[PDB]
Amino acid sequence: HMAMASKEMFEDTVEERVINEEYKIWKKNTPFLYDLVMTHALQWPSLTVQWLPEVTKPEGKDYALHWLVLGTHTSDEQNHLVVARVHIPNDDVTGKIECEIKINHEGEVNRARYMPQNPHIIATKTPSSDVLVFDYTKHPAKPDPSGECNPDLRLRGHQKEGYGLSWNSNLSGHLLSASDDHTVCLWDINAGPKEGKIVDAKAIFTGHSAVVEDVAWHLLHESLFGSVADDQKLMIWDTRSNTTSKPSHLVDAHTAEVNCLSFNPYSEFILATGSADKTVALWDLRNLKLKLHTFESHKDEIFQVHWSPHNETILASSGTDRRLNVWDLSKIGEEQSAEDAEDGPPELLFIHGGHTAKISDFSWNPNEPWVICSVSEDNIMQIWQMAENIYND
């Protein structure tokens, strides 16, 4: 009645102190651990990040241009889908971030992903039911303050919101989406009618019995895709199969809810999975029954997992423990001393401790090896790169 609503705080003042002191120590250690570390505080936290595939080294400049696809998270005010332009300094204060474009968006951006075949086409997941599609070359350079959201395409099929989003790298226009409605929708944005901005799901997969958390196309076989849900099950589907309620394979992947999955860009067989049981599981398509390996070290739920686009044996995972772990499969099962075994398994390459809140997403840079961008719930975004000294002898 008298007391105000406080969206800060709103924090745990005890945990805050611990987090901050661990951050101070991390910061003075950065010169040892990183060849590059850049930080920026966004006005609103971003739940999503993805590098655009374009890079350029402008003549006469001592840096390189890179682009990020970001989003906004406000429940009170106007949301935007944003493409940021960044200067990453040449290896031979530091750095710069700017806005290439900013697009009026209804509700927060749960996830934003670009179409590999046409990088200026971007799909987004809304707090509503529709997933949206924007062509950013057809939107004004600066957004209208009125806040009107005019997506180039609205895709219908879901009853609730979601996060899982995946373009097909081999089938242009084919998009997958996961949702809290227990389903996984499929669209072909090339077909539909002549007008206007509304297309229907081509398929609605109902194999799951709970909130399906993530979805991903196979990077090599254009008809296979994986799904992951709160029923603790990893399912693998086939599009040319005429049954949308029973997958080709069904796996009891974790003891808790499964949050994310990522196919290896080099091996057509292996797959990784992140769960609420604080572990990442390795999977091979030949035999799903056998869980190849289990990555232990995360102290809390894992929400994102991504393979390196340069090194086939490199894996990264982030979660609620505010840490981003980098794994090297080539060091699995390898022997180690007792003092080293106390820090974690041999495949644990690197623990990124620059974030002071949950990491919502991260993205491997496709043009600069070992460069990553991660975003946390406390408005921070970090573009960083592990010290060469650590991965290369």
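From 1 onward, residues are counted along the sequence shown.
The modelled chain breaks after residue 92 and resumes at residue 93, leaving 10 or more residues of the deposited sequence without coordinates.
Comparing 76-84 with 174-182, the higher mean C-alpha B-factor in the PDB entry belongs to 174-182. The stretch 194-202 shows the higher mean C-alpha B-factor when 194-202 is compared against 124-132 in the entry. Out of 137, 117, 150, 255, it is 255 whose C-alpha atom has the highest B-factor in the PDB entry.
Of the candidates 211, 141, 280, 316, it is 211 whose Cα B-factor is highest according to the PDB record. Ranked within its chain, residue 11 lands in the highest third, by CA B factor from the PDB record.
The PDB entry assigns residue 354 a C-alpha temperature factor belonging to the lowest third of its chain's modelled residues.
Residue 330 sits in the middle third of its chain by CA B factor, as recorded in the PDB entry. In the deposited entry, the Cα temperature factor of residue 237 places it in the highest third of its chain's modelled residues. Sorting the modelled residues of the chain by their CA temperature factor places residue 154 in the middle third.
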